[PDB]
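# Chain and residue survey
Here are the chains, one letter per residue:
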Amino acid sequence: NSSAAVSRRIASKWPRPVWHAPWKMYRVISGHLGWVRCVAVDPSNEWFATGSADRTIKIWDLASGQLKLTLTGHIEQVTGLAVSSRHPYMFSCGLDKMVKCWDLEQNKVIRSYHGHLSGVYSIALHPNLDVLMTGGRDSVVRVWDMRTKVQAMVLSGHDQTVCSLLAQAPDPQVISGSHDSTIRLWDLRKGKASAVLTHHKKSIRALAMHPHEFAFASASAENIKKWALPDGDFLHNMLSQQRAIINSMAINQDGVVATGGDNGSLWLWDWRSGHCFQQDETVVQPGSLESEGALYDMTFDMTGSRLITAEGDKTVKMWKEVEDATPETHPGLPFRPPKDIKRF
RNA sequence: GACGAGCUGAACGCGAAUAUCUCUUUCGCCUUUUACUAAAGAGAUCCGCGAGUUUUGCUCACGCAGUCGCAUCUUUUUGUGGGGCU
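Residues numbered from 1 in each chain as written, not as in the entry; some residues may be left out. Chains lettered and ligands numbered in written order. Part of a larger assembly, values for the part shown. Heavy atoms only, no water.

Per the stated rule, a full pass over the model turns up 8 salt bridges. One salt bridge connects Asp 187 with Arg 189, and the closest N-O pair in it is separated by 3.8 Å. Its relative accessible area of 9% is what places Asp 187 among the buried residues. Looking at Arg 189, the relative accessible area reads 64%, which means it is exposed. Salt-bridge contacts for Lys 190 lead to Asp 187; the nearest nitrogen and oxygen are separated by 3.7 Å. Here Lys 190 falls in the exposed class, since its relative accessible area comes to 64%. Residues joined in a network through salt bridges with shared partners are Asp 171, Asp 187, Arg 189 and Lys 190. (Salt bridge = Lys/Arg side-chain N within 4 Å of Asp/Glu carboxyl O. Buried < 20%, exposed > 50% of the residue type's maximum accessible area, 1.4 Å probe, protein only.)

In structure tokens form, the structure reads like this:
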């Protein structure tokens, strides 16, 4: 219609925020010797893996936070981690240009996916095919046969580092976000972008799918946008700006969107209304700089009740819902609908 | 109530012969990398191999044919007969 017309529609009909209980940080785990950069939860929900700048992958007990195992095989930072839901496999990528399949029955690297020309930044397992997708500084999403280690496909078109990656079973089966400020939705059968989304002004460092809805969120240093699938229809911006580079985004089944800032902020938003009900800043562990405070990864556990964050003060932090909270004792940041008339 | 030697196909399967490679680690050579050592594992490959009908190539061969739609003395096929009562 217009920006004015749509702004009046928006003042009338914006979905109100669903009340979400606040989250509190209940656990710091020290022990990585570099920035914790990636997290991944195992589908059983009993351990998580964190990769680091100290080049290791640590396996942690999800309920005690206990170091179960350290895995060394990367030469540089571990930048991405993906635990398979269908295979007893963990996948890691790293700044060493290397993608590794870890056999979790051996605790050993059994396959290596060779071919990234620069450091690898993002990883994604196809949820239904035995295929993995990695993006890196060579601006390219490399699509790998899990079994034969073969590079089945190269998704070309981005211009800078592919920083975020999504994989789903419906079309578009790969979503990438890049430092070139675009999101490509890919047709995995054709090897071609099915859509290029140019609404972001900064680089898209975080993508997240909605667990249940056909929609994803992308996050920049400037906005978190929400997009409808298959075609990547812009739904909306979050109703506030985390004034931070967002490194990580996780979405819950309750629709809690967690976004984690390069400055160590953690904002919790209502998916579906776009409204942030919580805003936190990290505390950095003793010794750290407060410059060294970013929030590089976050995942929810499989139930959605825990959020594990991988931080630049080299900690894993764990957050649980203060779910003994009720919309009366704990509403959080309160909502004013987007009443403005603005230009879009 | 009944008949193969040799080749390529079979699609399924590893008597006693065993070499190479890859990966993840440790160990030893030790300036580095190859090229190596010897331990732990996890994976491949090579060179070969057995049976089923597929026949190609016999240079062998066939049909009143080997087989068809237990044979009289006490224990078995040489029965103990005949009558008649409720």
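The rest of the description comes next.
It is worth spelling out the protein's contact with RNA strand B at this point. Taken together, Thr 72, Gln 106, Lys 108 and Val 109 make up the full set of residues near RNA strand B. Restricting the count to atoms of RNA strand B within 4 Å of the protein gives a sugar and phosphate share of 91%. The separation between a base oxygen of RNA strand B and a polar side-chain atom of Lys 108 is 3.2 Å. Considered class by class, the residues forming the surface near RNA strand B number 1 nonpolar, 2 polar and 1 charged. (Near = heavy atom within 4 Å. Polar contact = N/O pair within 3.5 Å; in protein donor to acceptor, adjacent residues only side chain to side chain. Nonpolar A, V, L, I, M, F, W, Y, C, P; charged D, E, K, R; others polar.)

Sequence positions flagged by UniProt for "repeat: WD" (unreviewed entry) are, in local numbering, residues 29-70, 71-112, 113-154, 155-196 and 239-279. Each end of residues 71-112 is marked by a C-alpha atom, and these two atoms are 15 Å apart; helix forms 0% of the span and strand 57%. Note that residues 113-154 is 0% helix and 52% strand, and that its end C-alpha atoms are spaced 13 Å apart. (UniProt positions renumbered as here; feature names shortened; annotations may be inferred. Helix = DSSP H or I, 4+ residues; strand = E, 2+ residues; numbered from the N terminus.)

A few words now on the layout of surface pockets. Volume-wise, the second largest pocket comes out at about 920 Å³. Lining the second largest pocket we find 32 residues, and of these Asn 237, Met 238, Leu 239, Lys 342 and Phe 344 sit closest to its centre. Counting residues per element, the ones that place at least two in the lining of the second largest pocket are α1 (3-13), β21 (233-237) and β25 (276-281). The leading source of residues in the lining of the second largest pocket is β21, at 4 residues. Split into classes, the residues belonging to the lining of the second largest pocket amount to 14 nonpolar, 10 polar and 8 charged. (1 Å grid on protein atoms, 1.4 Å probe; cavity = no way out; pocket = protein on both sides within 12 Å on 5 of 7 lines; lining within 4 Å. Points joined across faces, edges and corners; volume = space filled by probe spheres on them.)

Here the focus is the packing of aromatic side chains. Inspection of the entire model under this criterion finds 9 aromatic pairs. Here the aromatic residues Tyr 89, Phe 91, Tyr 113 and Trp 144 are joined through ring pairs into a cluster of three or more. For the cation-ring pair, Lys 226 lies above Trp 271, with the distance from its terminal atom to the ring centre recorded as 4.3 Å. It is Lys 320 that lies over the ring of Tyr 26; its NZ or CZ is 5.1 Å from the centre. (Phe/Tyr/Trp six-rings, centres within 6.5 Å; stacked < 30°, edge-to-face > 60°. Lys NZ or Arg CZ within 6 Å of the ring centre and 35° of its normal.)

With that out of the way, let us pick up the sheet that holds β21. The 4 strands lie next to each other as β18-β19-β20-β21, forming an open sheet whose pairing is antiparallel. Either end of the sheet is taken by a strand with one partner, and the two such strands are β18 (206-209) and β21. Taking each pair of neighbouring strands and ignoring which way they run, the sheet shows an average axis angle of 25°. Pairing geometry for strand β20 (residues 224-228) and β21, over 4 bridges, is antiparallel. Within β21, the position partnered with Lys 226 by the bridge is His 236. (Pairing = 2+ DSSP bridges. Axes fitted to C-alpha atoms, helices over the stretch in contact; angles between N-to-C directions.)

Of all the 6 residues making up strand β22 (residues 246-251), 6 are buried; the element is thus mostly covered by neighbouring parts of the structure. Bridge analysis of β22 against strand β23 (residues 256-261) gives 5 bridges, and the strand direction is antiparallel. Bridge pairing in β23 places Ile 251 opposite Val 257. Counting the residues in the hairpin turn of β22 and β23 gives 4 residues, including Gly 255, whose phi is positive at 85°.

Attention now goes to the sheet that holds strand β24 (residues 265-270). The 4 strands are arranged β22-β23-β24-β25 in an open sheet whose pairing can be described as antiparallel. Taken across any chain shown, the strands that pair with only one partner, and hence form the sheet edges, are β22 and β25. Here the strands of the sheet are splayed against their neighbours by 15° on average, with no regard to which way each runs. Where β24 and β25 come together, 5 bridges link them in antiparallel fashion.

Mapping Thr 182 onto the fold places it in the loop between β15 (174-178) and β16 (183-187). Taking relative accessible area as the criterion, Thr 182 reaches 11% and is therefore assigned buried. Within polar-contact distance, the side chain of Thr 182 engages the side chain of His 158 at 3.3 Å. Ignoring any residue separated from it by four or fewer positions in sequence, one finds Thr 182 in contact with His 158, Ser 176, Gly 177, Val 196, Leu 197, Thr 198 and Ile 204. (Contact = heavy atoms within 4.5 Å.)

What follows covers unusual backbone geometry. The omega angle of the peptide bond from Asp 171 to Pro 172 is -5°, so this bond is cis rather than trans. Of note, the amide linkage connecting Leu 229 to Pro 230 takes the cis form, showing an omega dihedral of 5°. With respect to the helices, strands and loops of the structure, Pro 230 is situated in the loop between β20 and β21. Its identity is not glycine, yet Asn 45 carries a phi of approximately 70°, on the positive side. A relative accessible area of 18% places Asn 45 in the buried class. A positive phi angle, near 65°, is found at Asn 107, a position not held by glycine. Note on placement: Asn 107 falls in the loop between β8 (99-103) and β9 (108-113).

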